[PDB]
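Shown next, in structure tokens, is the structure this report addresses.
Here, each number is a calculation from the coordinates, and none is a lab measurement. Note: ideal-geometry Cβ built from the backbone for every residue, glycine included; neighbour counts use all protein chains shown.
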Amino acid sequence: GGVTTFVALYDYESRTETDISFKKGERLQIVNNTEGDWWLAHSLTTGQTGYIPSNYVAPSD
């Protein structure tokens, strides 16, 4: 298996119908896979669920 939890490296403001906003430091779990530029994610911090830009996160605890 792959990375369990990712951390936001930057703030991100939602701009679509299917993405989510998140703040730097939020912990996010990827739902499908990490293929592509947009990952379906769930914020463990806020409970939000939606797509995030993959270059805004990195593996974390």
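Things worth noting here:
- All conditions in (1) in a loop (DSSP other than H, G, I, E, B); (2) among the β-branched types (V, I, T); (3) in contact (Cβ under 8 Å) with a residue 40 or more places away in the chain hold for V7, with the sole exception of (1).
- Residues located in segment 25-45, provided they are surrounded by 15 or more Cβ atoms within 10 Å (Cβ to Cβ) and assigned to a loop (DSSP other than H, G, I, E, B): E26
- In segment 7-24, the residue that is farthest from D61 (Cα to Cα) out of those that are surrounded by 14 or more Cβ atoms within 10 Å (Cβ to Cβ) and of a type outside the set (D, E, K, R) is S14.
- Segment 30-53 residues that are in contact (Cβ under 8 Å) with a residue 24 or more places away in the chain, paired with ones that are of a type in the set (G, A, S) and surrounded by 12 or more Cβ atoms within 10 Å (Cβ to Cβ) (beta carbon under 6 Å, 6 or more apart): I30/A41; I52/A41
- Test result for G2, more than 8 Å from the chain's Cα centre (by Cα), at positive phi, exposed (fewer than 15 other Cβ atoms within 10 Å of the Cβ) and not hydroxyl-bearing (S, T, Y): no
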